[PDB]
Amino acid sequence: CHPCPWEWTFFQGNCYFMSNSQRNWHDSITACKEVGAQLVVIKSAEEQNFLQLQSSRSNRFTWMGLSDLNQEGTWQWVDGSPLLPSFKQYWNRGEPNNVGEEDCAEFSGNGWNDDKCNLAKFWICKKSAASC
């Protein structure tokens, strides 16, 4: 019994997978659903640090499951949870700036950026671990 499928990274009771290909934000959501997972929704500061380190180290621009599609300037996670005030620190300086209408959040450098949802980027899926 192992807590995560092969190639998935265990962290604090959940399993994470960073793609080796790029898709747009909606196709990224689908990709995660297809493996019984979810375009990553971040619930803790420790989790955000963990994900940002890997995005920074890999130098990969990476979708997270966060958007202000439904109402501009109101960011919501894909599980419906609202973006809490304790998460505003992570936006890069000058972001979110919605330049050219940017409605999907990404790991970019040391923090978060809003970018065009049609852009192809890597993505991270999250599902819970088995117990063993």
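The first residue of the sequence shown is number 1, and the count goes up from there.
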(request) Between 71-79 and 58-66, name whichever shows the higher mean Cα B factor according to the PDB entry. (result) 71-79
(request) Using only the Cα atoms and their B-factors as the entry lists them, report which of 93-101 and 48-56 averages higher. (result) 93-101
(request) Taking the values exactly as deposited, rank residue 42 by C-alpha B-factor within its chain and report the matching third: lowest, middle or highest. (result) lowest
(message) For the chain shown, is the CA B-factor of residue 23 in the lowest, middle or highest third of its modelled residues?
(response) middle
(request) Name the third of the chain's ranked CA B-factors that contains residue 32, choosing lowest, middle or highest. (result) lowest
(message) Which third, lowest, middle or highest, does the C-alpha temperature factor of residue 113 belong to within its own chain?
(response) lowest
(request) Ordered by C-alpha B-factor within the chain, which third holds residue 15? Give me lowest, middle or highest, please. (result) lowest
